[PDB]
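Sequence first, structure after, both from an experimental entry:
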Amino acid sequence: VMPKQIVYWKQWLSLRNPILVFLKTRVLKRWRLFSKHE
């Protein structure tokens, strides 16, 4: 594949990935927080 298209991919699913998680966790801890507040 195109070194720049797979890297683009790669640099899109590699970063965006943990970043989604990071969003997931932030939203989780926020959820906890949102749940601990009630």
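Structure received. Residues are numbered from 1 along each chain as shown.

Residue 38: neighbour count?
Residues near residue 38, counting by other C-beta atoms under 10 Å, number 4. In short, each C-beta sits where N, CA and C put it, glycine included.

Going by residue numbers, what spans are helices in the chain?
For the chain, helices defined by DSSP state H occupy the ranges 3-13, 16-37.

mind giving me a markdown table with those helices and columns for mean neighbour count?
Formatted as a markdown table, the entries for the helices of the chain read as follows, by neighbours: other C-beta atoms under 10 Å:
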| stretch | mean neighbour count |
| --- | --- |
| helix 3-13 | 11 |
| helix 16-37 | 11 |
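
which residue is nearest the middle of this protein?
Nearest to the mean C-alpha position of the chain, counting by C-alpha atoms, centre = their mean, stands residue 20 at 1.3 Å.

Who are the contact partners of that one?
By C-beta atoms under 8 Å, 6 or more residues apart in numbering, no residues touch residue 20.

what's the distance between the most far-flung residue of the chain relative to its centre and residue 32?
Residue farthest from the centre of the chain, counting by C-alpha atoms, centre = their mean, is residue 38 at 26.1 Å. From residue 38 across to residue 32, the span is 11 Å (C-beta to C-beta, to the nearest Å).
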